Every structure is written in structure tokens, then in C-alpha cells.
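Lettering follows sequence order; numbering is per chain, from 1. These values consider heavy atoms only, across backbone and side chains, with no hydrogens, waters or symmetry-generated copies.
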Amino acid sequence: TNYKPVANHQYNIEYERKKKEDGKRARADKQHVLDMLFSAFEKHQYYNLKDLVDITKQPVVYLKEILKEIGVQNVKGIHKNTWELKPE
Amino acid sequence: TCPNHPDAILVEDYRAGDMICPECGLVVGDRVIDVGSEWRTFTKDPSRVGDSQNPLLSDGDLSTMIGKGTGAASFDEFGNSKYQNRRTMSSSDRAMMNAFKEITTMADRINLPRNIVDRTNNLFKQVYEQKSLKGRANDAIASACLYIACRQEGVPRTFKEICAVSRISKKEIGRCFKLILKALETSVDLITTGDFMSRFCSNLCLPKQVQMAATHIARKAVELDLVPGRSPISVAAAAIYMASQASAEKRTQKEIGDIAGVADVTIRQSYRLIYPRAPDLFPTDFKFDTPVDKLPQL
Amino acid sequence: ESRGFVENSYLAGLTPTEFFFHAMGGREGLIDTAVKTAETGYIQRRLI
DNA sequence: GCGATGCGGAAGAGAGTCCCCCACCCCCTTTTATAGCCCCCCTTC
DNA sequence: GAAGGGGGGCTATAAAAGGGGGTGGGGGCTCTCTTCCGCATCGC
Ligand SMILES: [Zn+2]
């Protein structure tokens, strides 16, 4: 009764269904992302790119492009270089 | 290389340790050197050579690992050892090593012999080096290679059976399977109903007589073309159900489907196609615990 | 008898305690023979 | 008052028998024919 | 409420389009000899 033949694993169809139901992140307009981007900066002075993506819910490439124009990367030797939401 | 015998094949007399001309008996060259180990494998082993390099490793390297420290000189000022092993394995070799580990893990799940694993490892190396499937996950390639190795060895496993032992789904295995065949410019013989009878019937715990009856029923049904276009696994599951119901050891459709990986509806449909000609399909010398007339009608 | 005096001959045969104590004495000779082969061998090499 | 040093004893070696970033590719989607397979809901009694 | 039935989705096939996300590949046991330390000794 072990390793019974199966077309797809139950854990895999659920994850596939969840990904399909959620759908891919859409590329929103720059103005809305900027407004949401700066509102996030208010809560925390420093933000990680991986965590920042979740707040913005935007594609990584699109978020980086908009963040690159205004945001800058500050190198921290303690952990790693992260992004700065302050334009200056 | 006898001077007086152009193009003569010298014969090695190992006991005498020399190469001789078979024609004149002249001894040519120096003493034959035994290229094997100078020690014997029978206190510590007096070996001065490393373990054999893995044949299935593109640009496979050879290296030594630093052992555990013993004295205080081996340890840094604060505990941790100053001499620590470093990861010097190539990315290509590291990925290939992980795939072989995955190939063996899947094979052990369904108790595949080591020869099939070795064939799978060779298949993965060719696909990995050919690099037509570089876009696909290595586990899917390994799962597809495992499927192909079973077919090449004459003991096919169903895509569902391979998927059960693999995190990769059946669809992704089937897709990588097609690409691997294209990349390798190789083919696999078509599966027949008899390629699964031994495993399916043994897993269902059916006697040899019932297994033989199921093997005959499926083979005869295919020859009679009573199940055109049906998957061979569906035909075999229906044949096993027919043979099982005609003997003392009776198995339900759910039982046969679970081992066969076929939904009970599919077994019902295939069985319904071969049920009308049940007496013709059964072997002549079959002892019917349940008469063929009283076989289930569904 | 308690401390390993065998009052029997080999022809007469040893009593179970004598047999065991005799085995204890014999083991000493076997240990010496194994020891003597290597202990003296090193001395011979160094002298040479 | 102000330094300076050889020997015994103890200790100690040394030999013998991970987390991230950057290409590159696949799938998301649409259309259609084909057919076996299988999930899901419905229906039967 | 178990079981069969019906309907529909999944599978593959080509192809185009454009972008997000997944995947893989770099990178910040005994004996003997030697060495070091504490001590008491003189010397200046
Ligand atoms: Zn000759």
C-alpha cells in the first residue's frame, strides 16, 4: 500500500491550484506604486527587498526599476546590502 | 614486436612475467609490470591509492578532505577548528551528484535493482551533458530518465508509479520523457499488457494461475482488438479483474486500481469491452471457481 | 588444593579445579611464547 | 640598595613496538481537432 | 448513504504574442629526550 501510483501528489495540486487562484502579480502604474512605496517607508526606516516586494505586491523587476530611480542601496557589513527608500 | 616477425601478436606469459613471440618464442621487451595494486587486501590497510573516480562525472575531479582535529594546535584560539573542509566541487558535478542521489532514492522506494539505477545514471549524464533539457528541473529529468531506464531494461513502470516515488508530477515526467528521447535520438519499445502482469498480480497477491489467466486474457483481448485505443495498463487492470473474479482470490476494482494506478471507472469500461467474449479470452486449462457465465456483468 | 597444587599425575587425570588451575598455568606459557617472539626480535635488530 | 643566573622538577613532544543576485527558459493565455482518462457532482435505489 | 452514471476538465499538437516566475549557476602504550619555570644562590 506504499507509494501507490498517482498522476499528481495531493500537496502539489493544492499548491498549483493556490498559485493559479492567486494569479501572477500585475504591474501597476508607477504613481500608485510610489504612493504605496513611500507609505511603507513610514512604518520602518529600512526595508528588505524580499519583504518590500510583499508589501508592494509588484513584480520584482518592475519594483527594482522604480526603486532604482529613487531608492538607493546601502551596504551593511553586519548582514548584507539592502535598499534605502529615502531618495537622498 | 619480434624483429623477425613483422606484424606478430606477442603473447603475455604472466607467470614468467615476459612477452614472447608466438612463432619463434623470442622474448621481446622488458619484464611485464603488474599494473594492479602492489599490496593485498587482507592493523590498517596498506593502500596508497584513492577510491576509484566516479565514471559518471563530467570533468570529475579528485580531492582529499581534511580530517577532524586531534590536538590543541588543530583548533583556533576559540574552539572552532582552523582547518575546515572547503566546497571545491564543480557546480555541474555538484548538480549531477545530487541527481544521482535522487535517482537512487526513487529507485529504493519501488525496490528497483541497481542495474536499472546504473542505466538511469548513464541516461541522466547524457541528457545533462547534451543540455537540451537545461530548462527543466533536474528531478524531472531524473524521474524521466528512471522511467526510460525501466523501459529499456524490459521492466516498464507506469508514469504514475514513477510519479509516486518522485515529487515531480506525471505530466512533467511525461514531458521530460519525450524531450530525453529526442535529445538522445533513442526510442523505447511499446509497452504491452504483459509488461505489468507480474508486478500488478504479485502486489495484489494473486496466485500464479490467476496471473497466467490475466496475462492470457489481456494478450488475447489485444490480439482480438476488443479494446482498441485503450491504454495497456487499463487493459491489464481489467484483465486482472476478470481473472481475479474467475478464481477464489477475488479483488475489487478499487483494489486493482490502487495497485494498477487506474481509476475504477476505467477498469469498468475496459472490463465491459472484454466481458462479452470472456470464455474465448480465458486459458483453456483454467479452473473456474466462479463459472465464466456467472462472471460480474458491469 | 585451593591455590593450584595438582596432586594428580597426567595418567591419573586432573580434577576439575586442578584442570582449570593447570589451564591458568599453561596460559602463561602461551602468552610468553607470543611475547618472546617479538620482545627478542627487536633486541636482535638493534644489536645488528 | 640593586640587579643577574644555573639547576631540579615538571610538562610535553616524539619515536619504537549560508544566503543572496544574475542569466535563461517555461508557462501563464487564446484558438481548434482528436480520444482515453479521470475528477466531481448528480442521481439512482 | 453506497454505488453507478453523466458531464466536463486534462492530457498533447502546432503557433504567435509579452511578462512573471521557476530553475540553475556564481559570489560576498612505554621509554627517552628537550624546553620552560621557580628557586636560591651570589655578585655588583
Ligand atoms: Zn619471433
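- Between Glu161(B) and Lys4(A), none of the side-chain N atoms (NZ, or NE/NH1/NH2) sits under 4.0 Å from a carboxylate O, so this pair counts as no salt bridge.
- Rounded to an integer number of Å, the gap from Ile168(B) CD1 to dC26(D) P is 15 Å.
- At distances below 3.5 Å, at least one donor-acceptor pair connects side-chain atoms of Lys125(B) with backbone N or O atoms of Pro55(B).
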Point to revise | Per-nucleotide pairing state of DNA chain E [Watson-Crick or G-U, under 3.5 Å; [ ] pseudoknot-crossing; | other strand] | key: |||||||||||..|...|||||||||||||||||||||||||||
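- DNA chain E is contacted by both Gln253(B) and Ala95(B); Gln253(B) maps to the nucleotide lying nearer its 5′ end (nearest heavy atom per residue).
- On the P atoms, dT30(D) is 12 Å away from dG9(E), given to the nearest whole Å.
- Between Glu172(B) and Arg136(B) there is a salt bridge, since at least one side-chain N of the basic residue sits less than 4.0 Å from a carboxylate O of the acidic one.
- Mapping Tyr128(B) and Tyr15(A) onto DNA chain E by nearest heavy atom places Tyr15(A) at the nucleotide closer to the 5' end.
- When all heavy atoms are compared, the tightest approach of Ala246(B) to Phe282(B) is CB-CZ, 3.3 Å.
- Taking the P atom of each, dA12(E) and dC28(D) are spaced 10 Å apart, rounded to whole Å.
- Taken to the nearest 0.5 Å, the CD1 atom of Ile173(B) stands 5.0 Å off from the SG atom of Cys163(B).
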Under 3.5 Å, which N/O atoms of the protein pair with N/O atoms of nucleotides 13-19 of chain E?
residue	atom	partner	partner atom	Å
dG19(E)	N2	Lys24(A)	NZ	3.2

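- Side-chain nitrogen and oxygen atoms of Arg268(B) include at least one within less than 4.0 Å of the OP1 or OP2 phosphate oxygen of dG4(E).
- A 6.0 Å sphere centred on CD of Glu39(C) holds no more than 12 heavy atoms belonging to other residues, nucleotides or ligands.
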Check: residues 38-47 of chain A side-chain donor-acceptor pairs under 3.5 Å, at least two apart:
residue	atom	partner	partner atom	Å
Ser39(A)	OG	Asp35(A)	O	3.0
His44(A)	ND1	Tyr46(A)	N	3.3
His44(A)	ND1	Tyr46(A)	O	2.4
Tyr47(A)	OH	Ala40(A)	O	2.4
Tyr47(A)	OH	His44(A)	N	3.3

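- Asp34(B) contributes a side-chain N or O that, together with a main-chain N or O of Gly36(B), makes up a donor-acceptor pair within less than 3.5 Å.
- Atom CG of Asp139(B) is separated from atom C1' of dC26(D) by 17 Å (rounded to the nearest Å).
- Proximity note for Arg25(A) (side chain, C-beta onward) versus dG20(E), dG24(E), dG4(E): the nearest is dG20(E).
- Side-chain atoms of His9(A) never come within 3.5 Å of backbone atoms of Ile168(B) as a donor-acceptor pair (strictly under, hydrogens ignored).
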Review point. Given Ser247(B) and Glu249(B), is the side chain to side chain donor-acceptor pair (under 3.5 Å) satisfied, shown in steps?
Key: CA-CA 5 Å; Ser247(B) 85; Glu249(B) 295 287 272; over 6 Å; no
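- In this structure, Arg277(B) is not positioned above the aromatic face of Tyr275(B) in the sense of NZ or CZ being under 6.0 Å from the six-membered ring centre and within 45° of the axis.
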Exercise for review: Using a 4.0 Å cut-off on protein heavy atoms (strictly under), produce a 5'-to-3' string for nucleotides 35-45 of chain D with B for base contact, S for backbone-only sugar-phosphate contact, and - for none.
Suggested key: -SSB-------
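- Note: CD (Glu172(B)) to P (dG22(E)) measures 14 Å, nearest angstrom.
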Taking only N/O atoms, report every protein-nucleotides 22-24 of chain D pair under 3.5 Å with atom names and distance.
residue	atom	partner	partner atom	Å
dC22(D)	OP2	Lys64(A)	NZ	3.1

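- Dense packing is recorded around NZ of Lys76(A), with more than 12 heavy atoms of other residues, nucleotides or ligands lying under 6.0 Å away.
- As rounded to the nearest Å, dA16(E) and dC26(D) have P atoms that lie 14 Å from one another.
- Taking atom P in both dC24(D) and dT13(E), one finds a spacing of 27 Å when rounded to whole Å.
- With a 5.5 Å centre cut-off and a 30° plane cut-off, the bases of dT34(D) and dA35(D) come out unstacked.
- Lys50(A) comes within 4.0 angstrom of no nucleic acid atom, judged by non-hydrogen atoms across all strands.
- One finds the CG atom of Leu146(B) at 9.5 Å from the CD atom of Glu102(B) (value rounded to the nearest 0.5 Å).
- A negative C1'-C2'-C3'-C4' torsion places the sugar of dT5(D) in the south, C2'-endo-side range.
- Bases of consecutive nucleotides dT13(E) and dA14(E) are stacked, their six-membered rings being centred less than 5.5 Å apart at a plane angle below 30°.
- The ring-ring contact (aromatic ring centres under 6.0 Å, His included) analysis of residues 86-116 of chain B, with sequence neighbours excluded, yields no pairs.
- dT11(E) and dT29(D) have their P atoms separated by 11 Å, with the value rounded to a whole Å.
- Between the side chain of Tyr128(B) and the backbone N or O of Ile141(B) there is no donor-acceptor pair closer than 3.5 Å.
- Residue pairs satisfying the ring-ring contact (aromatic ring centres under 6.0 Å, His included) criterion with at least one member in residues 60-88 of chain A, sequence neighbours excluded, are absent.
- Atom CG in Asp93(B) sits roughly 12 Å away from atom P in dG26(E) (whole-Å rounding).
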Restricting both atoms to N or O, compile the protein contacts to nucleotides 7-11 of chain E shorter than 3.5 Å, with distance only.
none

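- Regarding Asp51(A), its CG atom lies at a distance of 14 Å from the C1' atom of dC19(D), rounded to whole Å.
- Whole-Å rounding puts the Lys131(B) NZ to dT23(E) P distance at 18 Å.
- In this strand, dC42(D) stacks on its neighbour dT43(D), with six-membered ring centres under 5.5 Å apart and planes inclined by less than 30°.
- Among the protein residues, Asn81(A) comes within range of no part of the nucleic acid, since none of its heavy atoms lies under 4.0 Å from any strand.
- Going from the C1' atom of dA17(E) to that of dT31(D) covers 13 Å, rounded to whole Å.
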Tell me which donor-acceptor pairs under 3.5 Å the side chains of residues 214-241 of chain B have, and how far apart each pair is, sequence neighbours excluded?
residue	atom	partner	partner atom	Å
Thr215(B)	OG1	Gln211(B)	O	2.6
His216(B)	ND1	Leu281(B)	O	2.5
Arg230(B)	NH2	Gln269(B)	OE1	3.0

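- The interatomic distance linking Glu21(A) (CD) with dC28(D) (P) rounds to 16 Å, in whole Å.
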Side-chain donor-acceptor pairs under 3.5 Å in residues 23-33 of chain C, sequence neighbours left out?
residue	atom	partner	partner atom	Å
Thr33(C)	OG1	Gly29(C)	O	3.2

Revision key, fill the gap. Readout for nucleotides 13-18 of chain D: B = base within 4.0 Å of protein heavy atom, S = sugar-phosphate only, - = neither; 5' to 3' it is ---SSB
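- In this structure, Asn138(B) atom CG and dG25(E) atom P are separated by 6 Å, rounded to whole Å.
- The distance between the ring centers of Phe21(C) and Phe19(C) does not fall below 6.0 angstrom.
- Remark: side-chain polar atoms of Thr37(C) are paired, donor with acceptor, to backbone N or O of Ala34(C) under 3.5 angstrom.
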Anything under 3.5 Å between a donor and an acceptor, one on a side chain of residues 12-19 of chain A, the other on a protein residue two or more places apart or in another chain? List them.
residue	atom	partner	partner atom	Å
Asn12(A)	ND2	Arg167(B)	O	3.3
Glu14(A)	OE2	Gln10(A)	NE2	2.8
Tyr15(A)	OH	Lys19(A)	NZ	3.0
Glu16(A)	OE1	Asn8(A)	ND2	3.3
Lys18(A)	NZ	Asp22(A)	OD2	3.3

